[PDB]
Amino acid sequence: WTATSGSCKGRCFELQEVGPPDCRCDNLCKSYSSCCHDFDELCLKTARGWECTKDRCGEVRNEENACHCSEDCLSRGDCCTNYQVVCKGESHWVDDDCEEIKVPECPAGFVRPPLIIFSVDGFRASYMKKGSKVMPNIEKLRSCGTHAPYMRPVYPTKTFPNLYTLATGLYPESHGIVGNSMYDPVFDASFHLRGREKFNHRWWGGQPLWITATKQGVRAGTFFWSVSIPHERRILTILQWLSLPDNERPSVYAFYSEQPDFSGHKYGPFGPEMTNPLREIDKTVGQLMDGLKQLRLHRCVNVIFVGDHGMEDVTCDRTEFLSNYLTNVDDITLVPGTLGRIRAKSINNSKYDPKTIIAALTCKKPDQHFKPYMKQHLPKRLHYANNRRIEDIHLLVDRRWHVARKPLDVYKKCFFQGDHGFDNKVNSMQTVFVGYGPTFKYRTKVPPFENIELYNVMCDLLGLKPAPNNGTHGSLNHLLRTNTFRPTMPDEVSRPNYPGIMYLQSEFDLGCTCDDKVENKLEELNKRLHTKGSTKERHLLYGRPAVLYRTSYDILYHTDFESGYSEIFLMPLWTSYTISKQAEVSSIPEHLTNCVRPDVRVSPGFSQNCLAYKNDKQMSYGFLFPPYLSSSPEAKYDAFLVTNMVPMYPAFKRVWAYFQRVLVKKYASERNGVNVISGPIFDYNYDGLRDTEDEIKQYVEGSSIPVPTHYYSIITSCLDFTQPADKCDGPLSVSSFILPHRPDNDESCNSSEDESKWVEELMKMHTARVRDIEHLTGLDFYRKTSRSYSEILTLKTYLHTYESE
Ligand SMILES: *[C@@H]1O[C@H](CO)[C@@H](O[C@@H]2O[C@H](CO)[C@@H](O[C@@H]3O[C@H](CO[C@H]4O[C@H](CO)[C@@H](O)[C@H](O[C@H]5O[C@H](CO)[C@@H](O)[C@H](O)[C@@H]5O[C@H]5O[C@H](CO)[C@@H](O)[C@H](O)[C@@H]5O)[C@@H]4O)[C@@H](O)[C@H](O[C@H]4O[C@H](CO)[C@@H](O)[C@H](O)[C@@H]4O[C@H]4O[C@H](CO)[C@@H](O)[C@H](O)[C@@H]4O)[C@@H]3O)[C@H](O)[C@H]2NC(C)=O)[C@H](O)[C@H]1NC(C)=O
Ligand SMILES: Cc1nnn(Cc2cc(C(F)(F)F)ccc2CCC(=O)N2CCC(Cc3ccc(S(N)(=O)=O)cc3)CC2)n1
Ligand SMILES: [Ca+2]
Ligand SMILES: [Ca+2]
Ligand SMILES: [Cl-]
Ligand SMILES: [K+]
Ligand code: NA
Ligand SMILES: [Zn+2]
């Protein structure tokens, strides 16, 4: 019920929302069907349009008009945005030369520069260059302020997940808005774009920026706007709030445009009909900037122009149908389109089996345009699994395609030419970032970054402490002139032991053998020095990683590599080695094919054993430092130590051996040397975070050797590739991966072919940030470099995406 007989007199676009049954006057009342009877008349005036004309200048105030051109309008805060241009001889903001804003130039009574977020739906990154001739206001913000060539959205690349990620700094799996449509099985409730369930606060987790501000005594505008409020009135409303008295006036605001998304769905991303919507958005930016200039705020406010996601070419004829794969198609519910999510149609059907659905969808047609996954097997960089609202079965859809259940779903619902939602590394899904104002840098270009990082910066801009989030605070300090956040490196929790030779060979009963019984004072002192760390500066280039949790581990030194060996997990947490451009690749000699050697620094009780691998018919083993890259025949014996061994499915050994034998050397040739850090990851509950011992679901048969869910590598070199990796004076360059440790290669449809046709393609799909590996391992990397900590934070968030320009 609503008692719509109240009135909006003196309450238009009120900031405090009122409780039913009392009628509402706020910027969402229309969406709730709750506005007072007189809201249109009083709050949505349109008379005489949105621009002053020569004949209106100095008019007698008429309160019926949409905006004003009378002499009293500046003190009332309600002039048309072009008033000073038409009536007082001023220039439009876009026509003024740009001039560095070195300090905030704010009216008396402003305690801090306000922040205005101008958000645009569907604004693809390439529009900034391709549309620049028709967007002069936007082009000025871009060239004069701080800009990235693009900003990476979160997966799925849909509207609600991305706007709420911008507002919270959280991945969708943590904030709870995991699509535009959702079913929550604990609530037994469905969330949709249309309708009222989405207004229930239980869907929306974390803490959005407007709440963070309000809790810390910084007042906020209401961010949301009902679709029927025209853009001109949204801008006039912001400008009027900015004229409130000091104690009532907000410091943070948002504008939202449904364009260019709305037209992009109809016409495709570059349809000739797209020029007009871009023109219209630019005009809206111009109205805001002219309006700020009238209020003497144009060199006081920080403005962010940001998009949620891009737009791709997608038509009805590029649809794959599950009815062409499944016998049982009526026993499933599909969330369809640019991703798929599958669950049982009925919880009472005991003949539902996910294994058989997955198998019927795997590599069945030669050009198949989607790939099925159990959600825990999705690339870790997507962070798309730890939420009961994400269905176990997921379909990753190729760019330009849709998936649907049956053909009748597509013609009883071609209309559309654009859509979005695909993998967030796809070029067409990238969106925009520009920052302009006293707190941003002047004429500065910054590298691409992820939208999860912006909440921290918006908090910095307003002097707020951010709520706990998935950004890396300090990684975007290079965007800011002032208000930088200066973090300290985390303290190491566990210090290592440095074991010497403590065990005789006969103390070990591991069931291992090696043909190594082959015998010098020159070379003996030498090998002793290598075991005490004499080559460590070559192989550990950025210091040892720090262990940020409580555990027992040993540092082990060798000629060609250094490791941190866990006594609890019975394997290295990390293994570090450097491969120069000149390094040579060799084979594993015939006599050493099955060689595994006891490590006399590490007790039998804290070692793996060969017998377990023999008896486990599914599990084999591999090595973290590759025997192929040994510096000499004698050093090669170190690579077969039981302390360098890790458990590997034979199917995974195909991937790992090609990485180690072919790819590492290729990268050293291309990059002028590389430093490699490799290791295991355990994430059995798919939360993106290091497992404790009691979370491990699988062991090598009959032993306490835990099986990793994934294997990582971090590959570092000099950004100036004219210097070798091991003698680099300046910034670094990195690429990393987190490969799933699977007992089959079903993910790779071309795996019966030679590794040269499919392994590198797998690795590119599973590209990762250093920071992703940090979360998964409890390790902290790059502790000892010549670089500033903020620069290192930026390096740790880099993602190598393998898309062209
Ligand atoms: C990205 O950044 C975020 C934010 O920093 C990281 O997420 C945090 O990670 C922590 C660990 O997973 C987690 O800490 C736990 O908090 C529990 C209290 O949680 C409530 O309170 C907070 C604070 O206000 C709130 O934010 C939470 O909100 C979640 O849940 C509601 C719905 O209930 C949602 O609206 C919201 O979207 C959010 O959901 C997400 O997180 C939850 C987990 O909290 C997931 O289940 C969802 O799928 C979704 O992803 C909550 O309202 C606290 O109770 C925990 O303590 C347990 O564990 C410790 C171990 O130290 C143990 O000592 C305790 O005994 C206790 O265990 C008991 O409960 C167990 C389970 O019932 C039981 O088995 C035991 O036997 C015990 O009885 C814990 O400290 C923190 O909540 C989240 N925060 C958010 C916002 O998500 C995230 O990790 C980052 N991602 C990456 C990859 O780095
Ligand atoms: C989602 C989402 N998440 N966070 N925001 C706010 C936002 C954020 C950000 C920021 F700075 F982060 F970039 C910028 C702009 C907005 C406003 C978005 C807006 O104006 N739209 C119209 C209403 C629509 C339906 C709706 C109406 C009402 C409600 S609710 N449940 O809050 O009443 C939800 C969705 C949602 C889109 N939107
Ligand atoms: Ca959108
Ligand atoms: Ca985990
Ligand atoms: Cl969705
Ligand atoms: K075996
Ligand atoms: Na295969
Ligand atoms: Zn859209």
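Each residue takes its place number in the sequence, starting with 1. Just the heavy atoms: all of them, side chains too, but no hydrogens, waters or symmetry mates, feed the values below. Counting starts at 1 for both ligands and their atoms, in listed order.
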Asks: Taking the side chain from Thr157 and the backbone from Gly421, do they hold a donor-acceptor pair closer than 3.5 Å?
Replies: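 Indeed, once roles are kept as given, a pair shorter than 3.5 Å links the two residues.
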Asks: Has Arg202 got its NZ or CZ under 6.0 Å from the middle of the six-membered ring of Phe187, at an angle within 45 degrees of the ring axis?
Replies: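 Checked: cation-pi criterion met.
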Asks: Nearest protein heavy atom to atom 94 (O) of ligand 1: under 4.0 Å?
Replies: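 Protein heavy atoms within 4.0 Å of atom 94 (O) of ligand 1 - there is at least one.
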Asks: Is any side-chain N of the basic residue among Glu312 and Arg399 closer than 4.0 Å to the acidic one's carboxylate O?
Replies: no
Asks: Assess whether side-chain contact (heavy atoms from CB on, under 4.5 Å) is satisfied between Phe191 and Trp204, documenting all intermediate values.
Replies: CA-CA 11 Å; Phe191 179 111; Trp204 306 84; 3.8 Å; yes
Asks: Among the N, O or S atoms of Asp683, which one sits nearest to the Ca ion (ligand 4)?
Replies: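 Among the N, O or S atoms of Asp683, the one closest to the Ca ion (ligand 4) is OD1.
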Asks: Below 4.0 angstrom, N of the basic side chain to O of the carboxylate: do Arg279 and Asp282 qualify?
Replies: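 Between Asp282 and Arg279 there is no salt bridge, as every charged N stays at least 4.0 Å from the carboxylate O atoms.
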Asks: Find all atoms of ligand 1 within a distance of less than 4.0 Å from any non-hydrogen atom belonging to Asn387, and give their numbers and elements.
Replies: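 In order of numbering, the contacting atoms are 48 (O), 49 (C).
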Asks: Under 4.0 Å between a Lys/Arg side-chain N and an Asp/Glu carboxylate O for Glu774 and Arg771?
Replies: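 Yes, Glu774 and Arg771 are salt-bridged.
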Asks: Could you tell me whether any N, O or S atom belonging to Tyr684 is less than 3.0 Å from the Ca ion (ligand 4)?
Replies: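 It does not; every qualifying atom lies at 3.0 Å or beyond.
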Asks: Given NE2 of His420 on one side and OD2 of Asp261 on the other, what angle do they make at the Zn ion (ligand 8), to 10°?
Replies: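 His420 NE2 and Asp261 OD2 form an angle of 150° at the Zn ion (ligand 8).
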Asks: For ligand 1, which atoms have a heavy atom of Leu689 less than 4.0 angstrom away?
Replies: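 Reading through ligand 1 atom by atom, the close ones are 89 (O), 94 (O).
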Asks: Under 4.0 Å from atom 69 (O) of ligand 1, can you find at least one protein heavy atom?
Replies: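 Protein heavy atom within 4.0 Å of atom 69 (O) of ligand 1: absent.
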Asks: Checking one value in my table: which N/O/S atom of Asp687 lies closest to the Ca ion (ligand 4)?
Replies: OD1
Asks: Mark whether atom 2 (O) of ligand 1 lies under 4.0 angstrom from at least one protein heavy atom.
Replies: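 Under 4.0 Å from atom 2 (O) of ligand 1, at least one protein heavy atom found.
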Asks: Has the side chain of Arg389 got a donor or acceptor atom that lies under 3.5 Å from a matching backbone atom of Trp203?
Replies: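 Yes, the answer is positive, given that a donor and an acceptor are paired below the 3.5 Å cut-off.
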Asks: Between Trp210 and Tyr164, what is the ring plane arrangement, given parallel below 30°, perpendicular above 60°, and tilted in between?
Replies: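 It falls in the tilted class, 30° to 60°.
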Asks: Have a look at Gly176, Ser174, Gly471 and point out the one with the heavy atom closest to atom 36 (C) of ligand 1.
Replies: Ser174
Asks: For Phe123, is there any backbone N or O sitting under 3.5 Å from a side-chain donor or acceptor partner on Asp261?
Replies: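 It does not hold such a pair.
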Asks: Test your reading of the structure: does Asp687 have an N or O sitting under 3.5 Å from an N or O of ligand 1?
Replies: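 In this structure, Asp687 places no N or O atom under 3.5 Å from an N or O of ligand 1.
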Asks: Counting backbone and side-chain atoms alike, is an N, O or S atom of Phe682 positioned under 3.0 Å from the Ca ion (ligand 4)?
Replies: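 Within the cut-off used here (under 3.0 Å), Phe682 places no N, O or S atom near the Ca ion (ligand 4).
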Asks: What residue and atom, counting heavy atoms only, is the protein's closest point to atom 47 (C) of ligand 1, and at what distance?
Replies: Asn386 O, 4.1 Å
Asks: As a test of reading the structure, name the N/O/S atom of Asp691 that is nearest the Ca ion (ligand 4).
Replies: OD1
Asks: Tell me whether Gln430 contacts the main-chain N or O of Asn427 through its side chain, where contact means a donor paired with an acceptor under 3.5 Å.
Replies: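 No, the answer is negative, given that no donor and acceptor are paired below the 3.5 Å cut-off.
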Asks: Please tell me if atom 10 (C) of ligand 1 is touched by the protein, where touching means a protein heavy-atom distance below 4.0 Å.
Replies: no
Asks: Measure from NZ or CZ of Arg690 to the centre of the six-membered ring of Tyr549 and say whether it is under 6.0 Å with the direction within 45° of the ring axis.
Replies: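 Positive - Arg690 is close enough to the ring of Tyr549 and near enough to its axis.
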Asks: Considering the heavy atoms of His775, write down every atom of ligand 1 situated less than 4.0 Å from one of them.
Replies: 94 (O)
Asks: May I ask you to identify, for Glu173, whether its side chain, its backbone, both or neither come under 4.0 Å of ligand 1 on a heavy-atom basis?
Replies: backbone
Asks: Which ligand 1 atoms, with their elements, are less than 4.0 angstrom from a heavy-atom of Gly205?
Replies: 35 (O), 36 (C), 37 (O)
Asks: Answer whether the closest heavy-atom distance between the side chains of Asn470 and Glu453 falls below 4.5 Å.
Replies: no
Asks: For atom 65 (O) of ligand 1, is there a protein heavy atom at a distance under 4.0 Å?
Replies: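 It does not: no protein heavy atom is found less than 4.0 Å away from atom 65 (O) of ligand 1.
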Asks: Flag atom 49 (C) of ligand 1 as yes if some protein heavy-atom distance to it falls below 4.0 Å, otherwise no.
Replies: yes
Asks: Are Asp780 and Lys796 ion-paired here, with the side-chain N under 4.0 Å from a carboxylate O?
Replies: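 So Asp780 pairs with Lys796 through a salt bridge.
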Asks: Can you figure out which of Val186, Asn470, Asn685, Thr692 has its heavy atom closest to atom 91 (N) of ligand 1?
Replies: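 Among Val186, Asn470, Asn685, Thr692, the closest heavy atom to atom 91 (N) of ligand 1 comes from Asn470.
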Asks: Closer than 4.0 angstrom, basic N to acidic O: yes or no for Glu258 and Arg234?
Replies: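 Salt bridge present between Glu258 and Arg234.
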Asks: Any protein heavy-atom neighbour for atom 38 (C) of ligand 1 (distance below 4.0 angstrom)?
Replies: yes
Asks: With no hydrogens and no angle check, is any side-chain donor or acceptor of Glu693 less than 3.5 Å from a backbone partner on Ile568?
Replies: no
Asks: Number the atoms of ligand 1 from 1 as they appear, then name those within less than 4.0 Å of a heavy atom of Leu170, with their elements.
Replies: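 So the answer, numbered in order with elements, is 2 (O), 3 (C), 4 (C).
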Asks: Look up atom 57 (C) of ligand 1 and tell me if a protein heavy atom lies less than 4.0 Å from it?
Replies: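 Under the 4.0 Å cut-off, atom 57 (C) of ligand 1 has no protein heavy-atom neighbours at all.
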Asks: I need the nearest protein heavy-atom contact for atom 5 (O) of ligand 1: residue, atom name and distance, please.
Replies: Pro468 CB, 3.5 Å
Asks: Any N/O/S atom of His265 sitting less than 2.8 Å from the Zn ion (ligand 8), backbone or side chain?
Replies: yes
